[PDB]
$ cat final-v1.txt   # compact mmCIF, N, CA, C and O atoms
# COMPACT_ATOMS: atom_id res chain seq x y z
N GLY A 1 232.29 206.80 98.02
CA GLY A 1 231.37 207.25 96.99
C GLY A 1 231.23 208.76 96.96
O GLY A 1 231.98 209.49 97.60
N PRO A 2 230.25 209.25 96.18
CA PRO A 2 229.99 210.69 96.04
C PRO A 2 229.43 211.30 97.32
O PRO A 2 228.22 211.42 97.48
N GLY A 3 230.32 211.69 98.23
CA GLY A 3 229.89 212.29 99.48
C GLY A 3 230.82 213.39 99.95
O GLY A 3 231.96 213.48 99.49
N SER A 4 230.33 214.23 100.86
CA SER A 4 231.13 215.33 101.39
C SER A 4 230.51 215.88 102.66
O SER A 4 229.44 215.44 103.09
N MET A 5 231.18 216.86 103.26
CA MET A 5 230.69 217.48 104.49
C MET A 5 230.88 218.99 104.45
O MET A 5 231.73 219.50 103.72
N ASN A 6 230.08 219.71 105.24
CA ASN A 6 230.16 221.16 105.29
C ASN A 6 230.24 221.65 106.73
O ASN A 6 229.40 221.31 107.56
N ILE A 7 231.26 222.46 107.02
CA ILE A 7 231.45 223.00 108.36
C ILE A 7 231.29 224.51 108.37
O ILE A 7 231.87 225.22 107.55
N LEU A 8 230.48 225.01 109.30
CA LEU A 8 230.24 226.44 109.42
C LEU A 8 230.97 227.02 110.63
O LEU A 8 230.99 226.42 111.71
N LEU A 9 231.57 228.19 110.45
CA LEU A 9 232.31 228.85 111.52
C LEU A 9 231.72 230.22 111.82
O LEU A 9 231.48 231.02 110.90
N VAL A 10 231.49 230.50 113.09
CA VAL A 10 230.93 231.78 113.51
C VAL A 10 231.99 232.65 114.18
O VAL A 10 232.39 232.39 115.32
N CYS A 11 232.43 233.68 113.48
CA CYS A 11 233.45 234.59 114.01
C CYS A 11 233.62 235.80 113.10
O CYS A 11 233.43 236.94 113.52
N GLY A 12 233.98 235.55 111.84
CA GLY A 12 234.17 236.63 110.90
C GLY A 12 232.94 236.89 110.05
O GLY A 12 231.97 236.13 110.11
N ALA A 13 232.97 237.96 109.27
CA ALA A 13 231.85 238.32 108.42
C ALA A 13 232.13 237.96 106.96
O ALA A 13 231.83 238.73 106.05
N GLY A 14 232.71 236.78 106.75
CA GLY A 14 233.02 236.34 105.41
C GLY A 14 234.08 237.19 104.74
O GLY A 14 233.85 237.75 103.67
N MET A 15 235.24 237.30 105.38
CA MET A 15 236.34 238.09 104.85
C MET A 15 237.40 237.20 104.21
O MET A 15 237.51 236.02 104.55
N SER A 16 238.17 237.77 103.29
CA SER A 16 239.22 237.02 102.61
C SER A 16 240.47 236.91 103.48
O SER A 16 240.73 237.77 104.32
N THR A 17 241.23 235.84 103.27
CA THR A 17 242.45 235.61 104.04
C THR A 17 242.14 235.42 105.52
O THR A 17 241.93 236.39 106.25
N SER A 18 242.12 234.17 105.96
CA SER A 18 241.83 233.86 107.36
C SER A 18 242.84 232.86 107.91
O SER A 18 243.31 231.97 107.19
N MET A 19 243.18 233.01 109.18
CA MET A 19 244.14 232.12 109.83
C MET A 19 243.58 230.70 109.93
O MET A 19 244.12 229.77 109.33
N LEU A 20 242.51 230.54 110.70
CA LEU A 20 241.88 229.24 110.88
C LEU A 20 241.55 228.61 109.53
O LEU A 20 241.85 227.43 109.29
N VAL A 21 240.94 229.39 108.65
CA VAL A 21 240.57 228.90 107.32
C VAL A 21 241.80 228.43 106.55
O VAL A 21 241.77 227.37 105.91
N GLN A 22 242.87 229.21 106.62
CA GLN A 22 244.10 228.86 105.92
C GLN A 22 244.64 227.52 106.40
O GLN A 22 244.83 226.60 105.60
N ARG A 23 244.88 227.41 107.70
CA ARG A 23 245.39 226.17 108.28
C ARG A 23 244.51 224.98 107.90
O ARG A 23 244.98 224.02 107.30
N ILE A 24 243.23 225.07 108.26
CA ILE A 24 242.28 224.00 107.96
C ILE A 24 242.31 223.65 106.47
O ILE A 24 242.43 222.48 106.10
N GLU A 25 242.19 224.67 105.63
CA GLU A 25 242.19 224.47 104.18
C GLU A 25 243.46 223.74 103.74
O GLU A 25 243.42 222.90 102.84
N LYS A 26 244.57 224.06 104.38
CA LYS A 26 245.85 223.43 104.06
C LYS A 26 245.83 221.94 104.39
O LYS A 26 246.07 221.10 103.53
N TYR A 27 245.53 221.63 105.65
CA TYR A 27 245.48 220.24 106.10
C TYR A 27 244.56 219.42 105.20
O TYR A 27 244.93 218.33 104.75
N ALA A 28 243.36 219.94 104.95
CA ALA A 28 242.39 219.25 104.10
C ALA A 28 242.90 219.13 102.67
O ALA A 28 242.89 218.05 102.08
N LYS A 29 243.36 220.25 102.11
CA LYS A 29 243.88 220.26 100.75
C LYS A 29 245.05 219.30 100.60
O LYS A 29 245.30 218.78 99.51
N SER A 30 245.76 219.07 101.70
CA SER A 30 246.91 218.17 101.68
C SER A 30 246.47 216.72 101.87
O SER A 30 246.96 215.82 101.19
N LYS A 31 245.53 216.51 102.79
CA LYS A 31 245.02 215.17 103.06
C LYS A 31 244.12 214.69 101.93
O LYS A 31 243.84 213.50 101.81
N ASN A 32 243.68 215.62 101.09
CA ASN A 32 242.81 215.29 99.97
C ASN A 32 241.48 214.74 100.45
O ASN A 32 241.12 213.60 100.16
N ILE A 33 240.74 215.56 101.20
CA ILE A 33 239.44 215.15 101.72
C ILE A 33 238.32 215.96 101.09
O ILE A 33 238.47 217.15 100.81
N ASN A 34 237.18 215.31 100.86
CA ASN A 34 236.03 215.97 100.26
C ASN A 34 235.21 216.70 101.32
O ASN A 34 234.20 216.19 101.81
N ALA A 35 235.65 217.91 101.66
CA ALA A 35 234.95 218.72 102.66
C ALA A 35 235.15 220.20 102.39
O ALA A 35 236.08 220.60 101.69
N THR A 36 234.27 221.02 102.96
CA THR A 36 234.35 222.47 102.79
C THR A 36 234.05 223.20 104.09
O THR A 36 233.39 222.66 104.98
N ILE A 37 234.54 224.43 104.20
CA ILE A 37 234.32 225.23 105.40
C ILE A 37 234.10 226.70 105.04
O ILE A 37 234.66 227.21 104.07
N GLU A 38 233.26 227.37 105.83
CA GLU A 38 232.96 228.78 105.60
C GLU A 38 232.80 229.53 106.92
O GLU A 38 232.43 228.94 107.93
N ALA A 39 233.08 230.83 106.89
CA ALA A 39 232.96 231.65 108.09
C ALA A 39 231.99 232.81 107.86
O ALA A 39 232.10 233.54 106.88
N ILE A 40 231.04 232.96 108.78
CA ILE A 40 230.05 234.03 108.68
C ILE A 40 229.55 234.45 110.06
O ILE A 40 230.01 233.93 111.08
N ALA A 41 228.62 235.39 110.08
CA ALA A 41 228.06 235.88 111.34
C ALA A 41 226.90 235.01 111.80
O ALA A 41 226.57 234.01 111.16
N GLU A 42 226.29 235.39 112.91
CA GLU A 42 225.16 234.64 113.46
C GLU A 42 223.87 234.99 112.73
O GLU A 42 222.93 234.18 112.68
N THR A 43 223.82 236.19 112.16
CA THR A 43 222.64 236.64 111.44
C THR A 43 222.37 235.77 110.22
O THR A 43 221.22 235.49 109.89
N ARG A 44 223.44 235.34 109.56
CA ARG A 44 223.32 234.49 108.38
C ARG A 44 223.67 233.04 108.71
O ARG A 44 223.94 232.24 107.81
N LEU A 45 223.66 232.72 109.99
CA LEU A 45 223.98 231.36 110.44
C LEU A 45 222.76 230.45 110.31
O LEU A 45 222.90 229.26 110.04
N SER A 46 221.58 231.02 110.51
CA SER A 46 220.34 230.25 110.41
C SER A 46 219.97 230.00 108.96
O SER A 46 219.23 229.06 108.65
N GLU A 47 220.47 230.85 108.07
CA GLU A 47 220.19 230.72 106.64
C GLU A 47 221.17 229.75 105.98
O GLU A 47 220.86 229.15 104.95
N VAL A 48 222.35 229.61 106.58
CA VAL A 48 223.37 228.72 106.05
C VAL A 48 223.28 227.34 106.69
O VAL A 48 223.58 226.32 106.05
N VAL A 49 222.86 227.30 107.95
CA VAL A 49 222.73 226.05 108.68
C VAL A 49 221.71 225.13 108.01
O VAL A 49 221.78 223.91 108.15
N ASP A 50 220.78 225.72 107.27
CA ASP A 50 219.75 224.96 106.58
C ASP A 50 220.37 223.98 105.59
O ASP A 50 219.78 222.95 105.27
N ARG A 51 221.57 224.30 105.12
CA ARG A 51 222.28 223.45 104.17
C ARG A 51 223.50 222.80 104.82
O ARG A 51 223.80 221.63 104.57
N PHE A 52 224.19 223.57 105.65
CA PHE A 52 225.38 223.07 106.33
C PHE A 52 225.05 221.83 107.16
O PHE A 52 223.91 221.38 107.19
N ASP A 53 226.07 221.27 107.81
CA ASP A 53 225.89 220.08 108.63
C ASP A 53 226.27 220.36 110.08
O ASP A 53 225.46 220.19 110.99
N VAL A 54 227.51 220.79 110.29
CA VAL A 54 228.00 221.09 111.63
C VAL A 54 228.30 222.57 111.79
O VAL A 54 228.68 223.25 110.83
N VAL A 55 228.13 223.08 113.00
CA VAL A 55 228.38 224.49 113.29
C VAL A 55 229.40 224.65 114.41
O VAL A 55 229.44 223.86 115.35
N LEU A 56 230.23 225.69 114.30
CA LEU A 56 231.25 225.96 115.31
C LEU A 56 231.23 227.42 115.73
O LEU A 56 231.19 228.32 114.88
N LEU A 57 231.26 227.66 117.03
CA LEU A 57 231.25 229.02 117.57
C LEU A 57 232.61 229.38 118.16
O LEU A 57 233.20 228.59 118.89
N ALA A 58 233.08 230.58 117.86
CA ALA A 58 234.36 231.05 118.37
C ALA A 58 234.23 231.56 119.80
O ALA A 58 233.14 231.88 120.27
N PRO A 59 235.36 231.63 120.51
CA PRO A 59 235.40 232.10 121.90
C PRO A 59 235.12 233.59 122.02
O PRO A 59 234.90 234.27 121.01
N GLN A 60 235.13 234.10 123.24
CA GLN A 60 234.88 235.51 123.49
C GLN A 60 233.49 235.91 122.99
O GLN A 60 233.33 236.36 121.86
N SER A 61 232.49 235.74 123.85
CA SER A 61 231.11 236.08 123.49
C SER A 61 230.29 236.38 124.74
O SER A 61 230.29 235.61 125.70
N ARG A 62 229.59 237.52 124.72
CA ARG A 62 228.76 237.92 125.84
C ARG A 62 227.34 237.40 125.69
O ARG A 62 226.84 236.66 126.54
N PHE A 63 226.68 237.80 124.60
CA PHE A 63 225.31 237.37 124.34
C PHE A 63 225.25 236.45 123.12
O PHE A 63 224.35 235.63 123.00
N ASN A 64 226.22 236.61 122.22
CA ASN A 64 226.28 235.80 121.01
C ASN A 64 226.20 234.31 121.35
O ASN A 64 225.35 233.59 120.84
N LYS A 65 227.10 233.86 122.22
CA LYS A 65 227.13 232.46 122.64
C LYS A 65 225.85 232.08 123.36
O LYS A 65 225.38 230.95 123.25
N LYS A 66 225.28 233.03 124.10
CA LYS A 66 224.05 232.79 124.84
C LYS A 66 222.91 232.41 123.90
O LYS A 66 222.31 231.35 124.03
N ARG A 67 222.63 233.29 122.94
CA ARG A 67 221.56 233.04 121.97
C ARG A 67 221.86 231.80 121.14
O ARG A 67 220.99 230.94 120.96
N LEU A 68 223.08 231.70 120.64
CA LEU A 68 223.49 230.56 119.83
C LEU A 68 223.16 229.25 120.53
O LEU A 68 222.36 228.46 120.03
N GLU A 69 223.78 229.03 121.69
CA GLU A 69 223.54 227.81 122.45
C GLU A 69 222.07 227.68 122.83
O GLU A 69 221.52 226.58 122.84
N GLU A 70 221.44 228.81 123.15
CA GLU A 70 220.03 228.82 123.52
C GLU A 70 219.16 228.37 122.36
O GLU A 70 218.05 227.86 122.56
N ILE A 71 219.65 228.56 121.14
CA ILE A 71 218.91 228.17 119.95
C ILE A 71 219.29 226.76 119.50
O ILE A 71 218.45 226.01 119.00
N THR A 72 220.56 226.41 119.68
CA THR A 72 221.05 225.09 119.29
C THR A 72 220.45 224.00 120.17
O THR A 72 220.16 222.90 119.70
N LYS A 73 220.26 224.32 121.45
CA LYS A 73 219.69 223.37 122.39
C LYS A 73 218.38 222.78 121.86
O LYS A 73 218.25 221.58 121.65
N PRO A 74 217.39 223.66 121.63
CA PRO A 74 216.08 223.26 121.12
C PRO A 74 216.14 222.80 119.66
O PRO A 74 215.45 221.87 119.26
N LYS A 75 216.99 223.46 118.88
CA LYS A 75 217.14 223.13 117.47
C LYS A 75 217.72 221.73 117.30
O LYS A 75 217.53 221.08 116.28
N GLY A 76 218.44 221.26 118.32
CA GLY A 76 219.04 219.94 118.27
C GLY A 76 219.97 219.77 117.09
O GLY A 76 219.72 218.95 116.20
N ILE A 77 221.05 220.55 117.06
CA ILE A 77 222.02 220.48 115.98
C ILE A 77 223.44 220.33 116.52
O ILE A 77 223.75 220.73 117.64
N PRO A 78 224.32 219.74 115.70
CA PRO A 78 225.72 219.52 116.07
C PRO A 78 226.51 220.83 116.14
O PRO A 78 226.96 221.35 115.12
N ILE A 79 226.67 221.35 117.35
CA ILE A 79 227.40 222.59 117.56
C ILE A 79 228.63 222.37 118.44
O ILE A 79 228.53 221.77 119.51
N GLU A 80 229.78 222.85 117.98
CA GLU A 80 231.02 222.70 118.72
C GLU A 80 231.58 224.07 119.12
O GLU A 80 231.36 225.06 118.43
N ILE A 81 232.31 224.10 120.23
CA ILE A 81 232.90 225.34 120.72
C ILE A 81 234.42 225.27 120.69
O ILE A 81 235.02 224.28 121.11
N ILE A 82 235.04 226.33 120.19
CA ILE A 82 236.50 226.39 120.10
C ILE A 82 237.10 226.98 121.38
O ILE A 82 236.71 228.05 121.83
N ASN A 83 238.06 226.26 121.96
CA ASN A 83 238.71 226.70 123.18
C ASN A 83 239.59 227.92 122.91
O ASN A 83 240.13 228.08 121.82
N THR A 84 239.73 228.77 123.92
CA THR A 84 240.55 229.98 123.80
C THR A 84 241.95 229.64 123.29
O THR A 84 242.50 230.36 122.46
N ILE A 85 242.51 228.55 123.79
CA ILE A 85 243.84 228.12 123.39
C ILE A 85 243.86 227.70 121.92
O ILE A 85 244.62 228.25 121.12
N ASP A 86 243.02 226.73 121.58
CA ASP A 86 242.94 226.24 120.21
C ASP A 86 242.68 227.38 119.23
O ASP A 86 243.23 227.41 118.13
N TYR A 87 241.85 228.33 119.65
CA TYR A 87 241.51 229.47 118.81
C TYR A 87 242.72 230.38 118.62
O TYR A 87 243.18 230.60 117.50
N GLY A 88 243.24 230.91 119.73
CA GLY A 88 244.40 231.78 119.66
C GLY A 88 245.58 231.13 118.96
O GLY A 88 246.43 231.82 118.40
N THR A 89 245.63 229.81 118.99
CA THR A 89 246.71 229.07 118.36
C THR A 89 246.41 228.79 116.89
O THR A 89 247.32 228.62 116.08
N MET A 90 245.12 228.76 116.56
CA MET A 90 244.70 228.51 115.18
C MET A 90 245.13 227.12 114.73
O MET A 90 245.88 226.97 113.76
N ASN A 91 244.65 226.09 115.43
CA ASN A 91 244.98 224.71 115.10
C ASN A 91 243.99 224.14 114.09
O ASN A 91 242.97 223.56 114.47
N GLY A 92 244.29 224.30 112.81
CA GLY A 92 243.42 223.80 111.77
C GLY A 92 243.08 222.33 111.96
O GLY A 92 241.91 221.94 111.89
N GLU A 93 244.10 221.51 112.20
CA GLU A 93 243.91 220.08 112.40
C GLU A 93 242.85 219.82 113.47
O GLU A 93 241.92 219.05 113.26
N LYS A 94 243.02 220.47 114.62
CA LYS A 94 242.08 220.31 115.73
C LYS A 94 240.68 220.77 115.33
O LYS A 94 239.68 220.16 115.72
N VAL A 95 240.62 221.84 114.55
CA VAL A 95 239.34 222.39 114.10
C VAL A 95 238.58 221.37 113.25
O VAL A 95 237.53 220.87 113.65
N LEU A 96 239.13 221.06 112.08
CA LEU A 96 238.50 220.11 111.17
C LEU A 96 238.23 218.78 111.88
O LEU A 96 237.21 218.14 111.65
N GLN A 97 239.16 218.38 112.74
CA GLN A 97 239.03 217.13 113.48
C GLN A 97 237.78 217.15 114.36
O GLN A 97 236.97 216.22 114.33
N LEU A 98 237.62 218.22 115.13
CA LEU A 98 236.47 218.37 116.01
C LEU A 98 235.17 218.38 115.22
O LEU A 98 234.22 217.66 115.54
N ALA A 99 235.13 219.19 114.17
CA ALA A 99 233.95 219.29 113.32
C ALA A 99 233.51 217.92 112.82
O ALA A 99 232.37 217.51 113.02
N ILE A 100 234.43 217.21 112.17
CA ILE A 100 234.14 215.88 111.65
C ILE A 100 233.70 214.93 112.76
O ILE A 100 232.78 214.14 112.58
N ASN A 101 234.36 215.03 113.90
CA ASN A 101 234.04 214.18 115.04
C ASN A 101 232.57 214.33 115.43
O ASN A 101 231.84 213.34 115.53
N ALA A 102 232.14 215.57 115.65
CA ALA A 102 230.76 215.85 116.02
C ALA A 102 229.80 215.40 114.93
O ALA A 102 228.74 214.85 115.21
N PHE A 103 230.17 215.66 113.68
CA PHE A 103 229.34 215.29 112.54
C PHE A 103 229.00 213.80 112.57
O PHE A 103 227.83 213.42 112.60
N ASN A 104 230.04 212.97 112.57
CA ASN A 104 229.86 211.52 112.60
C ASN A 104 229.14 211.09 113.88
O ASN A 104 228.26 210.23 113.84
N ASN A 105 229.52 211.69 115.00
CA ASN A 105 228.91 211.37 116.28
C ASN A 105 227.40 211.57 116.24
O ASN A 105 226.64 210.78 116.80
N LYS A 106 226.97 212.63 115.56
CA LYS A 106 225.55 212.93 115.44
C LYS A 106 224.88 212.96 116.81
O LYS A 106 224.11 212.06 117.15
N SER A 107 225.17 214.00 117.58
CA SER A 107 224.60 214.14 118.92
C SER A 107 223.56 215.26 118.94
O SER A 107 223.57 216.16 118.10
N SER A 108 222.66 215.20 119.92
CA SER A 108 221.61 216.21 120.05
C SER A 108 221.07 216.24 121.48
O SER A 108 221.02 215.22 122.17
N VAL A 109 220.67 217.43 121.93
CA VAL A 109 220.14 217.60 123.27
C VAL A 109 221.16 217.20 124.33
O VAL A 109 222.06 217.97 124.66
$ encode --input "final-v1.txt" --output "structure tokens"
Amino acid sequence: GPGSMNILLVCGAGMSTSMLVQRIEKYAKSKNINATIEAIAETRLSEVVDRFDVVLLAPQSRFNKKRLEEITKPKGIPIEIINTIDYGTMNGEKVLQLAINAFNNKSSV
């Protein structure tokens, strides 16, 4: 029926032409799935999460990951972390797969 999903990515500041976005967009655009993905910072993550469903944080973080996880814990929201390998490799399939997995799983705390 009329349904879809939204995945948020924390790494870039909403720039054009992205590796992860490209791959993921390709797999999805090819599989013909009703889903969307966007990339933004943490500052606008709380404003977008209000509508989004699942959130994903990129590797390499000193305090960013600290606050994020520290906020997600109490917020009780579906947050996934990208492995250094998966990230550096830019595995769109693995990305969208993980996001959807957590979404359906609906886990908290």
$ atom_distance --input "final-v1.txt" --atom1 "atom CA of residue A:65" --atom2 "atom O of residue A:52"
19.3 Å
$ atom_distance --input "final-v1.txt" --atom1 "atom O of residue A:91" --atom2 "atom CA of residue A:24"
6.6 Å
$ residues_around --input "final-v1.txt" --residues "residue A:9" --least-positions-apart "6" --cutoff "4.5 Å" --atoms "all atoms listed in the file" --output "ChimeraX atom specification"
/A:38-40,56
$ axis_aligned_box --input "final-v1.txt" --around "stretch 7-11 of chain A" --padding-each-side "6 Å" --output "JSON"
{"center_x": 231.9, "center_y": 229.7, "center_z": 111.2, "size_x": 15.4, "size_y": 26.5, "size_z": 20.3}
$ closest_residue --input "final-v1.txt" --among "A:26, A:18, A:1, A:11" --to "residue A:92" --atoms "only C-alpha atoms"
A:26
$ closest_residue --input "final-v1.txt" --among "A:109, A:10, A:28, A:96" --to "residue A:76" --atoms "only N, CA, C and O atoms"
A:109
$ atom_distance --input "final-v1.txt" --atom1 "atom C of residue A:3" --atom2 "atom C of residue A:71"
26.3 Å
$ residues_around --input "final-v1.txt" --residues "residue A:74" --least-positions-apart "5" --cutoff "12 Å" --atoms "only C-alpha atoms" --output "list in words"
residues 67, 68, 69, 79, 108 and 109 of chain A
$ closest_residue --input "final-v1.txt" --among "A:36, A:43, A:107, A:84" --to "residue A:61" --atoms "only C-alpha atoms"
A:84
$ select_by_dssp --input "final-v1.txt" --residues "chain A" --states "helix (DSSP H, G or I)" --output "number ranges by chain"
A: 19-31, 45-48, 64-75, 84-89, 92-105
$ closest_residue --input "final-v1.txt" --among "A:97, A:104, A:6, A:46" --to "residue A:75" --atoms "only C-alpha atoms"
A:46
$ residues_near_point --input "final-v1.txt" --point "(246.5, 227.8, 116.4)" --cutoff "12 Å" --atoms "only C-alpha atoms" --output "mmCIF file with N, CA, C and O atoms, in the coordinates of the input"
data_model
loop_
_atom_site.group_PDB
_atom_site.id
_atom_site.type_symbol
_atom_site.label_atom_id
_atom_site.label_comp_id
_atom_site.auth_asym_id
_atom_site.auth_seq_id
_atom_site.Cartn_x
_atom_site.Cartn_y
_atom_site.Cartn_z
ATOM 1 N N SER A 18 242.120 234.170 105.960
ATOM 2 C CA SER A 18 241.830 233.860 107.360
ATOM 3 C C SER A 18 242.840 232.860 107.910
ATOM 4 O O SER A 18 243.310 231.970 107.190
ATOM 5 N N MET A 19 243.180 233.010 109.180
ATOM 6 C CA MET A 19 244.140 232.120 109.830
ATOM 7 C C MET A 19 243.580 230.700 109.930
ATOM 8 O O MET A 19 244.120 229.770 109.330
ATOM 9 N N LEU A 20 242.510 230.540 110.700
ATOM 10 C CA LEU A 20 241.880 229.240 110.880
ATOM 11 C C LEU A 20 241.550 228.610 109.530
ATOM 12 O O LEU A 20 241.850 227.430 109.290
ATOM 13 N N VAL A 21 240.940 229.390 108.650
ATOM 14 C CA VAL A 21 240.570 228.900 107.320
ATOM 15 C C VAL A 21 241.800 228.430 106.550
ATOM 16 O O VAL A 21 241.770 227.370 105.910
ATOM 17 N N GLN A 22 242.870 229.210 106.620
ATOM 18 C CA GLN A 22 244.100 228.860 105.920
ATOM 19 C C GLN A 22 244.640 227.520 106.400
ATOM 20 O O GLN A 22 244.830 226.600 105.600
ATOM 21 N N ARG A 23 244.880 227.410 107.700
ATOM 22 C CA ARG A 23 245.390 226.170 108.280
ATOM 23 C C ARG A 23 244.510 224.980 107.900
ATOM 24 O O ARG A 23 244.980 224.020 107.300
ATOM 25 N N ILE A 24 243.230 225.070 108.260
ATOM 26 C CA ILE A 24 242.280 224.000 107.960
ATOM 27 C C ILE A 24 242.310 223.650 106.470
ATOM 28 O O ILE A 24 242.430 222.480 106.100
ATOM 29 N N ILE A 82 235.040 226.330 120.190
ATOM 30 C CA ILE A 82 236.500 226.390 120.100
ATOM 31 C C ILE A 82 237.100 226.980 121.380
ATOM 32 O O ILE A 82 236.710 228.050 121.830
ATOM 33 N N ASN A 83 238.060 226.260 121.960
ATOM 34 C CA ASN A 83 238.710 226.700 123.180
ATOM 35 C C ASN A 83 239.590 227.920 122.910
ATOM 36 O O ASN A 83 240.130 228.080 121.820
ATOM 37 N N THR A 84 239.730 228.770 123.920
ATOM 38 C CA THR A 84 240.550 229.980 123.800
ATOM 39 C C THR A 84 241.950 229.640 123.290
ATOM 40 O O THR A 84 242.500 230.360 122.460
ATOM 41 N N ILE A 85 242.510 228.550 123.790
ATOM 42 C CA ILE A 85 243.840 228.120 123.390
ATOM 43 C C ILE A 85 243.860 227.700 121.920
ATOM 44 O O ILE A 85 244.620 228.250 121.120
ATOM 45 N N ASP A 86 243.020 226.730 121.580
ATOM 46 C CA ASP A 86 242.940 226.240 120.210
ATOM 47 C C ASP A 86 242.680 227.380 119.230
ATOM 48 O O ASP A 86 243.230 227.410 118.130
ATOM 49 N N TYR A 87 241.850 228.330 119.650
ATOM 50 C CA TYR A 87 241.510 229.470 118.810
ATOM 51 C C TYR A 87 242.720 230.380 118.620
ATOM 52 O O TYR A 87 243.180 230.600 117.500
ATOM 53 N N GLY A 88 243.240 230.910 119.730
ATOM 54 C CA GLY A 88 244.400 231.780 119.660
ATOM 55 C C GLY A 88 245.580 231.130 118.960
ATOM 56 O O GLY A 88 246.430 231.820 118.400
ATOM 57 N N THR A 89 245.630 229.810 118.990
ATOM 58 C CA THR A 89 246.710 229.070 118.360
ATOM 59 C C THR A 89 246.410 228.790 116.890
ATOM 60 O O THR A 89 247.320 228.620 116.080
ATOM 61 N N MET A 90 245.120 228.760 116.560
ATOM 62 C CA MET A 90 244.700 228.510 115.180
ATOM 63 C C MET A 90 245.130 227.120 114.730
ATOM 64 O O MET A 90 245.880 226.970 113.760
ATOM 65 N N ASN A 91 244.650 226.090 115.430
ATOM 66 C CA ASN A 91 244.980 224.710 115.100
ATOM 67 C C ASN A 91 243.990 224.140 114.090
ATOM 68 O O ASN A 91 242.970 223.560 114.470
ATOM 69 N N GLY A 92 244.290 224.300 112.810
ATOM 70 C CA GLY A 92 243.420 223.800 111.770
ATOM 71 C C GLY A 92 243.080 222.330 111.960
ATOM 72 O O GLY A 92 241.910 221.940 111.890
ATOM 73 N N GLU A 93 244.100 221.510 112.200
ATOM 74 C CA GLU A 93 243.910 220.080 112.400
ATOM 75 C C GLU A 93 242.850 219.820 113.470
ATOM 76 O O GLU A 93 241.920 219.050 113.260
ATOM 77 N N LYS A 94 243.020 220.470 114.620
ATOM 78 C CA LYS A 94 242.080 220.310 115.730
ATOM 79 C C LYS A 94 240.680 220.770 115.330
ATOM 80 O O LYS A 94 239.680 220.160 115.720
ATOM 81 N N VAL A 95 240.620 221.840 114.550
ATOM 82 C CA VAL A 95 239.340 222.390 114.100
ATOM 83 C C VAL A 95 238.580 221.370 113.250
ATOM 84 O O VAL A 95 237.530 220.870 113.650
#
$ select_by_dssp --input "final-v1.txt" --residues "chain A" --states "strand (DSSP E)" --output "VMD selection string"
chain A and resid 5 to 10 35 to 40 54 to 57 79 to 81
$ write_last_selection --input "final-v1.txt" --atoms "N, CA, C and O atoms" --output "short mmCIF file (atom, residue, chain, number, x, y, z; two decimals), in the coordinates of the input"
data_model
loop_
_atom_site.label_atom_id
_atom_site.label_comp_id
_atom_site.auth_asym_id
_atom_site.auth_seq_id
_atom_site.Cartn_x
_atom_site.Cartn_y
_atom_site.Cartn_z
N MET A 5 231.18 216.86 103.26
CA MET A 5 230.69 217.48 104.49
C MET A 5 230.88 218.99 104.45
O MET A 5 231.73 219.50 103.72
N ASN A 6 230.08 219.71 105.24
CA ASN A 6 230.16 221.16 105.29
C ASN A 6 230.24 221.65 106.73
O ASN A 6 229.40 221.31 107.56
N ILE A 7 231.26 222.46 107.02
CA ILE A 7 231.45 223.00 108.36
C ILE A 7 231.29 224.51 108.37
O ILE A 7 231.87 225.22 107.55
N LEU A 8 230.48 225.01 109.30
CA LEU A 8 230.24 226.44 109.42
C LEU A 8 230.97 227.02 110.63
O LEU A 8 230.99 226.42 111.71
N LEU A 9 231.57 228.19 110.45
CA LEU A 9 232.31 228.85 111.52
C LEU A 9 231.72 230.22 111.82
O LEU A 9 231.48 231.02 110.90
N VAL A 10 231.49 230.50 113.09
CA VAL A 10 230.93 231.78 113.51
C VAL A 10 231.99 232.65 114.18
O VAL A 10 232.39 232.39 115.32
N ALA A 35 235.65 217.91 101.66
CA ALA A 35 234.95 218.72 102.66
C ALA A 35 235.15 220.20 102.39
O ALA A 35 236.08 220.60 101.69
N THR A 36 234.27 221.02 102.96
CA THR A 36 234.35 222.47 102.79
C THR A 36 234.05 223.20 104.09
O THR A 36 233.39 222.66 104.98
N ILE A 37 234.54 224.43 104.20
CA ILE A 37 234.32 225.23 105.40
C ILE A 37 234.10 226.70 105.04
O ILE A 37 234.66 227.21 104.07
N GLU A 38 233.26 227.37 105.83
CA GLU A 38 232.96 228.78 105.60
C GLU A 38 232.80 229.53 106.92
O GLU A 38 232.43 228.94 107.93
N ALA A 39 233.08 230.83 106.89
CA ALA A 39 232.96 231.65 108.09
C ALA A 39 231.99 232.81 107.86
O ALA A 39 232.10 233.54 106.88
N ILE A 40 231.04 232.96 108.78
CA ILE A 40 230.05 234.03 108.68
C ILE A 40 229.55 234.45 110.06
O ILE A 40 230.01 233.93 111.08
N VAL A 54 227.51 220.79 110.29
CA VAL A 54 228.00 221.09 111.63
C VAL A 54 228.30 222.57 111.79
O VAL A 54 228.68 223.25 110.83
N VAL A 55 228.13 223.08 113.00
CA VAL A 55 228.38 224.49 113.29
C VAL A 55 229.40 224.65 114.41
O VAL A 55 229.44 223.86 115.35
N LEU A 56 230.23 225.69 114.30
CA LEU A 56 231.25 225.96 115.31
C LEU A 56 231.23 227.42 115.73
O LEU A 56 231.19 228.32 114.88
N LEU A 57 231.26 227.66 117.03
CA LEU A 57 231.25 229.02 117.57
C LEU A 57 232.61 229.38 118.16
O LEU A 57 233.20 228.59 118.89
N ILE A 79 226.67 221.35 117.35
CA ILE A 79 227.40 222.59 117.56
C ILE A 79 228.63 222.37 118.44
O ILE A 79 228.53 221.77 119.51
N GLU A 80 229.78 222.85 117.98
CA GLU A 80 231.02 222.70 118.72
C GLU A 80 231.58 224.07 119.12
O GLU A 80 231.36 225.06 118.43
N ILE A 81 232.31 224.10 120.23
CA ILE A 81 232.90 225.34 120.72
C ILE A 81 234.42 225.27 120.69
O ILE A 81 235.02 224.28 121.11
#
$ residues_around --input "final-v1.txt" --residues "residue A:5" --least-positions-apart "4" --cutoff "8 Å" --atoms "only N, CA, C and O atoms" --output "MDAnalysis selection string"
chainID A and resid 33:37 51:54
$ closest_residue --input "final-v1.txt" --among "A:72, A:80, A:106, A:25" --to "residue A:59" --atoms "all atoms listed in the file"
A:80
